[PDB]
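Take a look at the structure below.
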2 protein chains.
Amino acid sequence: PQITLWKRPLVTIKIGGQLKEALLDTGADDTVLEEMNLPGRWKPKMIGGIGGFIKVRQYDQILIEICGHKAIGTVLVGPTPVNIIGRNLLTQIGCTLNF
Amino acid sequence: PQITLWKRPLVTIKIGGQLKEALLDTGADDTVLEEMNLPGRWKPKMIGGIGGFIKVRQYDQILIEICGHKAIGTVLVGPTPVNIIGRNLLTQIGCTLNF
Ligand SMILES: CC[C@H](C)CN(C[C@@H](O)[C@H](Cc1ccccc1)NC(=O)O[C@H]1CO[C@H]2OCC[C@H]21)S(=O)(=O)c1ccc(N)cc1
């Protein structure tokens, strides 16, 4: 679809068999989701945003469907203010900016 | 044009007579620029993201040119690590997400 930006570009995602709402965030290199349980191994990492750095759990090769489009990639889980879909997954679903 | 998301969507902007590089960020509600000495009145504001909040100065009806596309609206100024074009101005240049 074509998404205009007069509202937050929020979409429904499916991860770990659970539905959630997430923000399509072209300013995020990485995808960061709010606290949740995901199966499989994980490793501790740090990520920085506008206000500083947070501790997150890095999950690799995670299946995640974004607005009907499938992706498999890295998902960081931690105390982010909102679920954000970053470029590592936006590229997989063929997402571009157009003006 | 069309911008893919393999790399950060950085473009040249013109503000206050200065050329800068800024991120086209669908995840940012409002434009926030690195510290600069704009004239005029302003109002304090705090904006939150990953890591917490930063204090910024809100200027209204600031003219910005983004890739030859003119816009005018709110520009926040503060200690952001990156210049960020937010939705408040991305709408004014006709920018959409497409996949
Ligand atoms: C609450 C939604 C989202 C987190 C808001 N952010 C925009 C977002 O695009 C930032 C914009 C941003 C980019 C780079 C440094 C700091 C902020 N990106 C970001 O935090 O991404 C992180 C996850 O991937 C990594 O790549 C970038 C940092 C990591 S923000 O910077 O904090 C922001 C909040 C309010 C306004 N008006 C303008 C910007």
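By order in the structure tokens, chains are A, B, ...; within a chain, residues start at 1; ligands start at 1, following the order shown.
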
Chain fit, chain B moved to chain A over all Cα pairs in order, as a compact mmCIF listing (two decimals) with N, CA, C and O atoms, in the first residue's frame:
# COMPACT_ATOMS: atom_id res chain seq x y z
N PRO B 1 0.81 -0.99 -0.26
CA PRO B 1 0.02 0.25 -0.20
C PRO B 1 0.88 1.51 -0.09
O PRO B 1 2.11 1.43 -0.12
N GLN B 2 0.23 2.66 0.02
CA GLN B 2 0.90 3.93 0.28
C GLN B 2 0.42 4.46 1.62
O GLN B 2 -0.78 4.48 1.89
N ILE B 3 1.36 4.90 2.45
CA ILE B 3 1.05 5.42 3.78
C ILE B 3 1.50 6.87 3.83
O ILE B 3 2.69 7.16 3.66
N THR B 4 0.56 7.77 4.07
CA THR B 4 0.91 9.16 4.31
C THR B 4 1.37 9.32 5.75
O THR B 4 1.22 8.43 6.59
N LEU B 5 1.96 10.48 6.04
CA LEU B 5 2.63 10.70 7.32
C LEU B 5 1.93 11.77 8.16
O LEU B 5 2.55 12.34 9.06
N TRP B 6 0.65 12.03 7.89
CA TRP B 6 -0.12 12.92 8.76
C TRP B 6 -0.15 12.39 10.18
O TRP B 6 -0.15 13.18 11.13
N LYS B 7 -0.20 11.08 10.35
CA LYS B 7 -0.20 10.45 11.65
C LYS B 7 0.90 9.40 11.69
O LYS B 7 1.50 9.06 10.67
N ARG B 8 1.18 8.90 12.89
CA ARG B 8 2.23 7.91 13.06
C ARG B 8 1.96 6.71 12.15
O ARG B 8 0.82 6.22 12.11
N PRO B 9 2.96 6.22 11.39
CA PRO B 9 2.72 5.07 10.49
C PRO B 9 2.68 3.74 11.24
O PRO B 9 3.59 2.90 11.16
N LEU B 10 1.59 3.52 11.96
CA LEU B 10 1.39 2.30 12.74
C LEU B 10 0.67 1.26 11.89
O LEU B 10 -0.33 1.56 11.24
N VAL B 11 1.17 0.03 11.92
CA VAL B 11 0.57 -1.09 11.21
C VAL B 11 0.56 -2.31 12.13
O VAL B 11 1.24 -2.35 13.15
N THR B 12 -0.22 -3.31 11.74
CA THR B 12 -0.29 -4.55 12.49
C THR B 12 0.82 -5.48 12.04
O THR B 12 1.09 -5.62 10.84
N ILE B 13 1.48 -6.11 13.01
CA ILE B 13 2.51 -7.09 12.74
C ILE B 13 2.15 -8.38 13.48
O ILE B 13 1.37 -8.38 14.44
N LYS B 14 2.72 -9.48 13.01
CA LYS B 14 2.57 -10.78 13.64
C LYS B 14 3.95 -11.31 13.98
O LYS B 14 4.77 -11.51 13.08
N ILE B 15 4.20 -11.55 15.26
CA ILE B 15 5.48 -12.07 15.73
C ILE B 15 5.23 -13.05 16.87
O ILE B 15 4.39 -12.80 17.74
N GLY B 16 5.99 -14.14 16.87
CA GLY B 16 5.82 -15.15 17.91
C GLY B 16 4.38 -15.55 18.12
O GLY B 16 3.96 -15.81 19.26
N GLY B 17 3.60 -15.59 17.05
CA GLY B 17 2.19 -15.89 17.14
C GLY B 17 1.32 -14.79 17.72
O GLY B 17 0.14 -15.03 17.98
N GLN B 18 1.86 -13.60 17.94
CA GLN B 18 1.12 -12.50 18.54
C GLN B 18 0.95 -11.36 17.54
O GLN B 18 1.86 -11.06 16.76
N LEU B 19 -0.22 -10.72 17.57
CA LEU B 19 -0.48 -9.53 16.78
C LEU B 19 -0.18 -8.29 17.61
O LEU B 19 -0.61 -8.19 18.76
N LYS B 20 0.55 -7.35 17.02
CA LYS B 20 0.93 -6.12 17.69
C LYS B 20 0.85 -4.97 16.70
O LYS B 20 0.83 -5.17 15.49
N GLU B 21 0.79 -3.75 17.23
CA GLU B 21 0.89 -2.54 16.43
C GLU B 21 2.33 -2.03 16.51
O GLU B 21 2.90 -1.96 17.60
N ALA B 22 2.90 -1.68 15.35
CA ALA B 22 4.29 -1.27 15.29
C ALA B 22 4.46 -0.11 14.32
O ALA B 22 3.70 0.03 13.35
N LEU B 23 5.47 0.70 14.59
CA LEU B 23 5.79 1.88 13.81
C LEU B 23 6.75 1.52 12.68
O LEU B 23 7.81 0.92 12.92
N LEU B 24 6.38 1.87 11.45
CA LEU B 24 7.28 1.73 10.31
C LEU B 24 8.25 2.91 10.34
O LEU B 24 7.87 4.04 10.00
N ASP B 25 9.49 2.66 10.73
CA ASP B 25 10.42 3.71 11.13
C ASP B 25 11.70 3.67 10.29
O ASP B 25 12.61 2.88 10.57
N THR B 26 11.78 4.55 9.30
CA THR B 26 12.97 4.66 8.47
C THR B 26 14.18 5.18 9.24
O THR B 26 15.31 5.04 8.76
N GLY B 27 13.96 5.79 10.41
CA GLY B 27 15.06 6.27 11.22
C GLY B 27 15.67 5.25 12.14
O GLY B 27 16.69 5.53 12.76
N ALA B 28 15.06 4.07 12.25
CA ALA B 28 15.55 3.00 13.10
C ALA B 28 16.37 2.02 12.27
O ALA B 28 15.86 1.44 11.30
N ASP B 29 17.65 1.85 12.63
CA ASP B 29 18.48 0.87 11.94
C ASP B 29 17.88 -0.53 12.06
O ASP B 29 17.79 -1.26 11.07
N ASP B 30 17.47 -0.91 13.27
CA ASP B 30 17.03 -2.26 13.56
C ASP B 30 15.69 -2.24 14.29
O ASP B 30 15.37 -1.30 15.02
N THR B 31 14.93 -3.31 14.08
CA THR B 31 13.63 -3.47 14.72
C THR B 31 13.80 -3.67 16.22
O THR B 31 14.63 -4.46 16.67
N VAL B 32 13.00 -2.94 17.01
CA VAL B 32 12.97 -3.10 18.46
C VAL B 32 11.52 -3.17 18.91
O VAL B 32 10.72 -2.29 18.58
N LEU B 33 11.18 -4.22 19.65
CA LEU B 33 9.82 -4.45 20.11
C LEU B 33 9.75 -4.34 21.62
O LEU B 33 10.71 -4.63 22.34
N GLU B 34 8.59 -3.90 22.10
CA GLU B 34 8.32 -3.83 23.53
C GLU B 34 8.56 -5.19 24.18
O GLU B 34 8.52 -6.24 23.53
N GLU B 35 8.81 -5.16 25.49
CA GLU B 35 9.15 -6.36 26.23
C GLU B 35 8.18 -7.49 25.93
O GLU B 35 6.96 -7.33 26.02
N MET B 36 8.73 -8.64 25.55
CA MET B 36 7.94 -9.84 25.29
C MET B 36 8.84 -11.05 25.54
O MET B 36 10.06 -10.96 25.47
N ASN B 37 8.21 -12.19 25.83
CA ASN B 37 8.93 -13.39 26.25
C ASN B 37 9.11 -14.32 25.05
O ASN B 37 8.44 -15.34 24.92
N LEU B 38 10.07 -13.97 24.18
CA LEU B 38 10.41 -14.83 23.05
C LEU B 38 11.30 -15.98 23.51
O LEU B 38 12.17 -15.79 24.36
N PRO B 39 11.11 -17.19 22.98
CA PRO B 39 12.05 -18.27 23.26
C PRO B 39 13.31 -18.16 22.41
O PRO B 39 13.37 -17.42 21.42
N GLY B 40 14.32 -18.91 22.82
CA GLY B 40 15.57 -19.00 22.08
C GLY B 40 16.68 -18.21 22.74
O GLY B 40 16.49 -17.50 23.74
N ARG B 41 17.87 -18.35 22.16
CA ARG B 41 19.04 -17.64 22.63
C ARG B 41 19.00 -16.18 22.18
O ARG B 41 18.27 -15.81 21.25
N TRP B 42 19.80 -15.35 22.84
CA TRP B 42 19.87 -13.94 22.52
C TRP B 42 21.20 -13.39 23.00
O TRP B 42 21.93 -14.04 23.76
N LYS B 43 21.52 -12.18 22.54
CA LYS B 43 22.74 -11.49 22.92
C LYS B 43 22.40 -10.11 23.44
O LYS B 43 21.52 -9.44 22.88
N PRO B 44 23.05 -9.64 24.50
CA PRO B 44 22.79 -8.28 24.98
C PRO B 44 23.26 -7.23 23.98
O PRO B 44 24.23 -7.43 23.24
N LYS B 45 22.56 -6.10 23.97
CA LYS B 45 22.88 -4.99 23.09
C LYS B 45 22.38 -3.71 23.72
O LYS B 45 21.49 -3.72 24.58
N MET B 46 22.97 -2.59 23.31
CA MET B 46 22.52 -1.27 23.73
C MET B 46 22.34 -0.42 22.48
O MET B 46 23.20 -0.41 21.60
N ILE B 47 21.20 0.25 22.40
CA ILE B 47 20.86 1.09 21.26
C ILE B 47 20.56 2.49 21.76
O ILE B 47 19.93 2.67 22.81
N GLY B 48 21.03 3.49 21.02
CA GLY B 48 20.97 4.87 21.45
C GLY B 48 20.05 5.70 20.58
O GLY B 48 19.90 5.43 19.38
N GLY B 49 19.44 6.69 21.18
CA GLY B 49 18.64 7.66 20.46
C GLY B 49 18.50 8.90 21.32
O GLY B 49 19.35 9.19 22.16
N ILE B 50 17.41 9.63 21.10
CA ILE B 50 17.14 10.81 21.92
C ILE B 50 16.91 10.36 23.35
O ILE B 50 16.11 9.45 23.62
N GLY B 51 17.63 10.98 24.28
CA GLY B 51 17.55 10.66 25.69
C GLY B 51 18.64 9.72 26.18
O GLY B 51 18.86 9.64 27.39
N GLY B 52 19.33 9.02 25.28
CA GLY B 52 20.38 8.10 25.65
C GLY B 52 20.10 6.70 25.13
O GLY B 52 19.50 6.52 24.06
N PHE B 53 20.54 5.70 25.90
CA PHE B 53 20.54 4.31 25.48
C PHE B 53 19.58 3.48 26.34
O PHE B 53 19.28 3.83 27.48
N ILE B 54 19.10 2.38 25.76
CA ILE B 54 18.39 1.35 26.50
C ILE B 54 19.06 0.01 26.22
O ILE B 54 19.66 -0.20 25.16
N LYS B 55 18.96 -0.89 27.19
CA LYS B 55 19.46 -2.25 27.04
C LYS B 55 18.37 -3.13 26.44
O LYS B 55 17.22 -3.07 26.88
N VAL B 56 18.74 -3.93 25.44
CA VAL B 56 17.78 -4.79 24.74
C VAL B 56 18.40 -6.16 24.52
O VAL B 56 19.62 -6.35 24.60
N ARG B 57 17.54 -7.12 24.21
CA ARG B 57 17.95 -8.48 23.88
C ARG B 57 17.84 -8.66 22.38
O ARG B 57 16.78 -8.41 21.80
N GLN B 58 18.93 -9.08 21.75
CA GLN B 58 18.96 -9.26 20.30
C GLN B 58 18.67 -10.72 19.97
O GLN B 58 19.42 -11.62 20.36
N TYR B 59 17.58 -10.94 19.24
CA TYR B 59 17.23 -12.24 18.69
C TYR B 59 17.44 -12.21 17.18
O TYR B 59 17.15 -11.20 16.53
N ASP B 60 17.95 -13.31 16.63
CA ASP B 60 18.27 -13.38 15.21
C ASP B 60 17.33 -14.34 14.50
O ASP B 60 16.83 -15.31 15.08
N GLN B 61 17.10 -14.06 13.22
CA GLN B 61 16.27 -14.91 12.36
C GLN B 61 14.88 -15.12 12.95
O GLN B 61 14.36 -16.24 13.01
N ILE B 62 14.27 -14.02 13.39
CA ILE B 62 12.90 -14.04 13.88
C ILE B 62 11.98 -13.69 12.71
O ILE B 62 12.23 -12.73 11.98
N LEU B 63 10.93 -14.48 12.54
CA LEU B 63 9.95 -14.26 11.49
C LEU B 63 8.91 -13.24 11.95
O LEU B 63 8.28 -13.42 13.00
N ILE B 64 8.73 -12.18 11.17
CA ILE B 64 7.70 -11.18 11.42
C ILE B 64 6.91 -11.00 10.13
O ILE B 64 7.48 -10.98 9.04
N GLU B 65 5.59 -10.87 10.27
CA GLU B 65 4.71 -10.55 9.16
C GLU B 65 4.21 -9.12 9.34
O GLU B 65 3.61 -8.80 10.37
N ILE B 66 4.46 -8.27 8.35
CA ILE B 66 4.14 -6.85 8.40
C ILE B 66 3.14 -6.58 7.28
O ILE B 66 3.51 -6.57 6.09
N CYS B 67 1.88 -6.37 7.63
CA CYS B 67 0.81 -6.13 6.66
C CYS B 67 0.77 -7.24 5.61
O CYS B 67 0.75 -6.98 4.40
N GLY B 68 0.75 -8.48 6.07
CA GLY B 68 0.74 -9.61 5.16
C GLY B 68 2.03 -9.86 4.42
O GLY B 68 2.10 -10.81 3.63
N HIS B 69 3.06 -9.04 4.63
CA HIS B 69 4.36 -9.23 4.02
C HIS B 69 5.29 -9.91 5.02
O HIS B 69 5.51 -9.38 6.12
N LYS B 70 5.82 -11.07 4.65
CA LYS B 70 6.68 -11.82 5.56
C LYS B 70 8.11 -11.33 5.48
O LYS B 70 8.61 -10.97 4.41
N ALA B 71 8.77 -11.30 6.63
CA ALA B 71 10.18 -10.95 6.73
C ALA B 71 10.81 -11.80 7.82
O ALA B 71 10.11 -12.41 8.64
N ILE B 72 12.13 -11.86 7.82
CA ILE B 72 12.86 -12.61 8.83
C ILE B 72 14.21 -11.95 9.04
O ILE B 72 14.95 -11.69 8.09
N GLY B 73 14.54 -11.67 10.30
CA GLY B 73 15.79 -11.02 10.60
C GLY B 73 15.91 -10.72 12.07
O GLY B 73 15.23 -11.32 12.90
N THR B 74 16.77 -9.76 12.38
CA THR B 74 17.05 -9.43 13.77
C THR B 74 15.88 -8.67 14.38
O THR B 74 15.34 -7.74 13.78
N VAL B 75 15.49 -9.08 15.59
CA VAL B 75 14.49 -8.38 16.38
C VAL B 75 15.09 -8.12 17.76
O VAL B 75 15.48 -9.06 18.46
N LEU B 76 15.17 -6.85 18.14
CA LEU B 76 15.59 -6.47 19.47
C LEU B 76 14.37 -6.35 20.38
O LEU B 76 13.30 -5.91 19.95
N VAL B 77 14.53 -6.76 21.63
CA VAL B 77 13.45 -6.72 22.62
C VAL B 77 13.95 -6.02 23.86
O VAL B 77 15.00 -6.37 24.40
N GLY B 78 13.19 -5.02 24.32
CA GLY B 78 13.57 -4.26 25.49
C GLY B 78 12.53 -3.21 25.85
O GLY B 78 11.45 -3.15 25.26
N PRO B 79 12.86 -2.36 26.83
CA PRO B 79 11.89 -1.36 27.32
C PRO B 79 11.73 -0.17 26.38
O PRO B 79 12.00 0.98 26.73
N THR B 80 11.28 -0.46 25.16
CA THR B 80 10.97 0.63 24.24
C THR B 80 9.53 1.10 24.46
O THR B 80 8.65 0.28 24.72
N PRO B 81 9.26 2.40 24.40
CA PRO B 81 7.87 2.87 24.58
C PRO B 81 6.97 2.53 23.41
O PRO B 81 5.75 2.72 23.53
N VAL B 82 7.51 2.05 22.30
CA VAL B 82 6.74 1.81 21.09
C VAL B 82 7.40 0.66 20.33
O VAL B 82 8.63 0.54 20.32
N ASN B 83 6.58 -0.18 19.71
CA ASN B 83 7.11 -1.19 18.79
C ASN B 83 7.57 -0.50 17.51
O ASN B 83 6.85 0.32 16.94
N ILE B 84 8.78 -0.83 17.07
CA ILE B 84 9.44 -0.12 15.98
C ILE B 84 9.93 -1.14 14.95
O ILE B 84 10.75 -2.00 15.28
N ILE B 85 9.44 -1.02 13.72
CA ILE B 85 9.97 -1.78 12.60
C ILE B 85 11.07 -0.94 11.96
O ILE B 85 10.81 0.16 11.46
N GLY B 86 12.29 -1.47 11.96
CA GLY B 86 13.44 -0.76 11.45
C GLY B 86 13.80 -1.18 10.03
O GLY B 86 13.19 -2.06 9.43
N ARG B 87 14.85 -0.53 9.51
CA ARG B 87 15.24 -0.74 8.12
C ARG B 87 15.62 -2.18 7.84
O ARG B 87 15.43 -2.66 6.71
N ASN B 88 16.16 -2.90 8.83
CA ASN B 88 16.58 -4.27 8.58
C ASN B 88 15.43 -5.13 8.09
O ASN B 88 15.64 -6.09 7.34
N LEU B 89 14.20 -4.80 8.48
CA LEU B 89 13.03 -5.52 7.99
C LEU B 89 12.23 -4.73 6.96
O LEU B 89 11.54 -5.35 6.13
N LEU B 90 12.29 -3.40 6.98
CA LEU B 90 11.57 -2.62 5.97
C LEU B 90 12.08 -2.91 4.57
O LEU B 90 11.29 -2.93 3.62
N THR B 91 13.39 -3.13 4.42
CA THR B 91 13.92 -3.51 3.11
C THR B 91 13.31 -4.82 2.63
O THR B 91 13.01 -4.98 1.44
N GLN B 92 13.10 -5.77 3.55
CA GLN B 92 12.62 -7.09 3.17
C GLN B 92 11.18 -7.07 2.68
O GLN B 92 10.76 -8.01 2.01
N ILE B 93 10.42 -6.02 3.00
CA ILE B 93 9.05 -5.90 2.52
C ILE B 93 8.94 -4.92 1.36
O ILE B 93 7.83 -4.62 0.91
N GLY B 94 10.07 -4.44 0.85
CA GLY B 94 10.06 -3.56 -0.30
C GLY B 94 9.59 -2.15 0.00
O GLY B 94 9.06 -1.48 -0.89
N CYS B 95 9.79 -1.68 1.23
CA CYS B 95 9.30 -0.37 1.62
C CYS B 95 10.27 0.71 1.19
O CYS B 95 11.49 0.59 1.40
N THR B 96 9.74 1.77 0.58
CA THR B 96 10.53 2.90 0.12
C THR B 96 9.95 4.20 0.66
O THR B 96 8.77 4.27 1.04
N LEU B 97 10.79 5.23 0.69
CA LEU B 97 10.35 6.60 0.87
C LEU B 97 10.22 7.26 -0.50
O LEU B 97 11.07 7.04 -1.37
N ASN B 98 9.17 8.05 -0.68
CA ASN B 98 8.90 8.66 -1.97
C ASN B 98 8.42 10.09 -1.78
O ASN B 98 7.49 10.33 -1.02
N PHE B 99 9.07 11.02 -2.48
CA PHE B 99 8.58 12.39 -2.57
C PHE B 99 9.14 13.06 -3.82
O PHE B 99 8.84 14.22 -4.11

Exercise for review: Just list the residues in region 7-98 of chain A DSSP gives strand (DSSP E) on the backbone, as a ChimeraX atom specification.
Suggested key: /A:10-15,18-24,32-33,43-48,53-66,69-77,84-85,96-98

Deliver the residues from the most recent selection as a file, using N, CA and C atoms, as a short mmCIF file (atom, residue, chain, number, x, y, z; two decimals), in the first residue's frame.
data_model
loop_
_atom_site.label_atom_id
_atom_site.label_comp_id
_atom_site.auth_asym_id
_atom_site.auth_seq_id
_atom_site.Cartn_x
_atom_site.Cartn_y
_atom_site.Cartn_z
N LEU A 10 1.27 3.41 11.72
CA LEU A 10 1.14 2.22 12.55
C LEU A 10 0.51 1.08 11.75
N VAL A 11 1.04 -0.12 11.93
CA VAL A 11 0.56 -1.31 11.23
C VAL A 11 0.54 -2.48 12.20
N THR A 12 -0.23 -3.49 11.84
CA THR A 12 -0.30 -4.72 12.62
C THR A 12 0.81 -5.66 12.17
N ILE A 13 1.52 -6.22 13.14
CA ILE A 13 2.59 -7.17 12.88
C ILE A 13 2.26 -8.47 13.60
N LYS A 14 2.87 -9.56 13.14
CA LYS A 14 2.74 -10.85 13.80
C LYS A 14 4.13 -11.38 14.09
N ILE A 15 4.39 -11.69 15.36
CA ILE A 15 5.68 -12.21 15.78
C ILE A 15 5.45 -13.18 16.93
N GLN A 18 1.91 -13.89 17.88
CA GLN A 18 1.11 -12.87 18.55
C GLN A 18 1.02 -11.63 17.68
N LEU A 19 -0.16 -11.01 17.66
CA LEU A 19 -0.37 -9.77 16.92
C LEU A 19 -0.01 -8.58 17.79
N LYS A 20 0.56 -7.55 17.16
CA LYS A 20 0.91 -6.31 17.84
C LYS A 20 0.83 -5.16 16.85
N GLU A 21 0.81 -3.95 17.39
CA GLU A 21 0.90 -2.74 16.60
C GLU A 21 2.32 -2.20 16.67
N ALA A 22 2.83 -1.74 15.53
CA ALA A 22 4.20 -1.26 15.43
C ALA A 22 4.25 -0.06 14.49
N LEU A 23 5.27 0.77 14.70
CA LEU A 23 5.49 1.98 13.93
C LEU A 23 6.55 1.72 12.86
N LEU A 24 6.21 2.01 11.61
CA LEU A 24 7.17 1.96 10.51
C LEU A 24 8.06 3.19 10.62
N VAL A 32 12.99 -2.50 17.18
CA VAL A 32 12.98 -2.61 18.63
C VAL A 32 11.53 -2.74 19.09
N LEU A 33 11.24 -3.79 19.84
CA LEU A 33 9.90 -4.09 20.32
C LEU A 33 9.86 -4.02 21.84
N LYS A 43 20.99 -12.71 22.95
CA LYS A 43 22.21 -12.16 23.53
C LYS A 43 21.99 -10.71 23.94
N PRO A 44 22.64 -10.26 25.01
CA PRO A 44 22.43 -8.88 25.47
C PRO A 44 23.18 -7.88 24.60
N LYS A 45 22.51 -6.77 24.30
CA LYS A 45 23.09 -5.71 23.49
C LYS A 45 22.63 -4.36 24.03
N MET A 46 23.26 -3.30 23.51
CA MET A 46 22.92 -1.93 23.83
C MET A 46 22.54 -1.20 22.55
N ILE A 47 21.55 -0.31 22.63
CA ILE A 47 21.17 0.54 21.50
C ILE A 47 20.90 1.95 22.00
N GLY A 48 21.29 2.94 21.20
CA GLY A 48 21.11 4.34 21.54
C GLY A 48 20.02 4.98 20.70
N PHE A 53 21.01 5.47 25.81
CA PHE A 53 21.16 4.06 25.47
C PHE A 53 20.36 3.19 26.42
N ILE A 54 19.81 2.10 25.89
CA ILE A 54 19.06 1.13 26.69
C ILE A 54 19.66 -0.25 26.49
N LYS A 55 19.41 -1.12 27.46
CA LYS A 55 19.77 -2.53 27.36
C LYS A 55 18.64 -3.28 26.68
N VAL A 56 18.98 -4.11 25.70
CA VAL A 56 17.99 -4.87 24.95
C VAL A 56 18.47 -6.30 24.77
N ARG A 57 17.53 -7.16 24.39
CA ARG A 57 17.79 -8.56 24.07
C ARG A 57 17.71 -8.72 22.56
N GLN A 58 18.78 -9.23 21.96
CA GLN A 58 18.86 -9.37 20.52
C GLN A 58 18.45 -10.77 20.11
N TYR A 59 17.41 -10.86 19.28
CA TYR A 59 16.96 -12.12 18.69
C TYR A 59 17.26 -12.09 17.20
N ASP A 60 17.92 -13.13 16.71
CA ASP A 60 18.31 -13.20 15.31
C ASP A 60 17.40 -14.16 14.55
N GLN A 61 17.26 -13.89 13.25
CA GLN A 61 16.51 -14.74 12.33
C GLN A 61 15.10 -15.03 12.85
N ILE A 62 14.42 -13.99 13.31
CA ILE A 62 13.06 -14.10 13.83
C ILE A 62 12.07 -13.87 12.70
N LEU A 63 11.09 -14.75 12.57
CA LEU A 63 10.02 -14.56 11.61
C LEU A 63 9.06 -13.49 12.12
N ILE A 64 8.73 -12.54 11.26
CA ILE A 64 7.85 -11.44 11.62
C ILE A 64 7.16 -10.96 10.36
N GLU A 65 5.83 -10.89 10.40
CA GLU A 65 5.03 -10.46 9.27
C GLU A 65 4.51 -9.05 9.54
N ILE A 66 4.78 -8.14 8.61
CA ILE A 66 4.45 -6.72 8.76
C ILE A 66 3.42 -6.38 7.70
N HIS A 69 3.30 -8.74 4.89
CA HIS A 69 4.57 -9.05 4.23
C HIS A 69 5.50 -9.72 5.23
N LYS A 70 6.10 -10.83 4.82
CA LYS A 70 6.95 -11.62 5.70
C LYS A 70 8.38 -11.12 5.67
N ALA A 71 9.04 -11.19 6.83
CA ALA A 71 10.45 -10.87 6.96
C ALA A 71 11.06 -11.84 7.97
N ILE A 72 12.38 -11.98 7.90
CA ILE A 72 13.12 -12.81 8.84
C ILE A 72 14.42 -12.07 9.14
N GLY A 73 14.57 -11.61 10.37
CA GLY A 73 15.73 -10.81 10.69
C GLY A 73 15.85 -10.56 12.18
N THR A 74 16.68 -9.57 12.50
CA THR A 74 17.02 -9.28 13.88
C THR A 74 15.93 -8.44 14.54
N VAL A 75 15.57 -8.82 15.76
CA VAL A 75 14.58 -8.11 16.55
C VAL A 75 15.18 -7.85 17.92
N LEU A 76 15.20 -6.59 18.33
CA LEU A 76 15.67 -6.21 19.65
C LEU A 76 14.47 -5.97 20.55
N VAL A 77 14.55 -6.50 21.77
CA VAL A 77 13.45 -6.43 22.73
C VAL A 77 13.95 -5.70 23.97
N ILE A 84 8.86 -0.30 17.19
CA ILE A 84 9.30 0.35 15.96
C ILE A 84 9.86 -0.70 15.01
N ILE A 85 9.47 -0.59 13.74
CA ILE A 85 10.02 -1.40 12.67
C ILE A 85 11.07 -0.56 11.96
N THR A 96 9.93 1.70 0.47
CA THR A 96 10.68 2.87 0.04
C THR A 96 9.95 4.14 0.46
N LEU A 97 10.69 5.24 0.49
CA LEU A 97 10.12 6.57 0.63
C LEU A 97 9.96 7.18 -0.75
N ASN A 98 8.86 7.90 -0.94
CA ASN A 98 8.55 8.48 -2.25
C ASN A 98 7.97 9.87 -2.07
#

Test item, helix (DSSP H, G or I) assignment across region 42-95 of chain B, answer as a compact mmCIF listing (two decimals) with C-alpha atoms, in the first residue's frame:
# COMPACT_ATOMS: atom_id res chain seq x y z
CA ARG B 87 6.02 13.86 9.73
CA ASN B 88 4.93 17.46 10.34
CA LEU B 89 7.10 18.44 7.36
CA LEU B 90 7.20 15.16 5.42
CA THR B 91 3.47 15.54 4.70
CA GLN B 92 4.11 19.01 3.28
CA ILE B 93 6.51 17.60 0.66
